[PDB]
Amino acid sequence: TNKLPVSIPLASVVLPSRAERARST
Amino acid sequence: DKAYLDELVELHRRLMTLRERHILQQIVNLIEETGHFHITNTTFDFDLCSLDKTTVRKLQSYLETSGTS
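As you go down the protein sequences, you meet chains B and A in turn.
As numbered in the deposited numbering, the first sequence has no gaps in its residue numbers, which increase by one up to the final residue, 900.
As numbered in the deposited numbering, the second sequence has no gaps in its residue numbers, which increase by one up to the final residue, 568.
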């Protein structure tokens, strides 16, 4: 299991991605 | 090279129980700016193996908080 997924309630933190400029792949 | 993984396990385990929102904010913004993350419906998931060598030294540092005094 060369992977360790850790889920953190978005309520516990804040992700900066509101008015994103552009995805572009 | 079997040590690297360990650095992930310990961190992973600790992170799982870790609640210090002060850190979760720092780390998140760290691996977030990088792009090595995948946010789902309503949650923030990330893999410790997706950390960059130079980013790992910064990852382990955060948890290794302290107090200058």
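Quick reminder that beta carbons are idealized off the backbone N, C-alpha and C, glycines included.
Grouping DSSP H, G and I as helix and E and B as strand, with all else coil, what is residue i?
i	result
residue 508 of chain A	helix
residue 539 of chain A	strand
I'd like to know if residue i contacts chain B, where contact means its C-beta is closer than 8 angstroms to some C-beta of that chain.
i	result
residue 542 of chain A	yes
residue 612 of chain A	Only positions 500 to 568 of chain A appear in this structure, which leaves residue 612 of chain A out of reach.
residue 546 of chain A	yes
Hey, how far is the Cα of residue i from the Cα of residue j?
i	j	result
residue 568 of chain A	residue 528 of chain A	27 angstroms
residue 516 of chain A	residue 899 of chain B	36 angstroms
residue 555 of chain A	residue 542 of chain A	22 angstroms
Mind pulling the chain B residues with CB within less than 8 angstroms of residue i?
i	result
residue 511 of chain A	879, 881
Where do the N-terminal and C-terminal ends of the beta strand (DSSP E) with residue i fall, by residue?
i	result
residue 881 of chain B	880 to 882
If you follow the alpha helix (DSSP H) that residue i is in, where does it begin and where does it stop?
i	result
residue 533 of chain A	520 to 533
Name, please, each residue of chain B whose Cβ falls closer than 9 angstroms to the Cβ of residue i.
i	result
residue 531 of chain A	890, 891, 892
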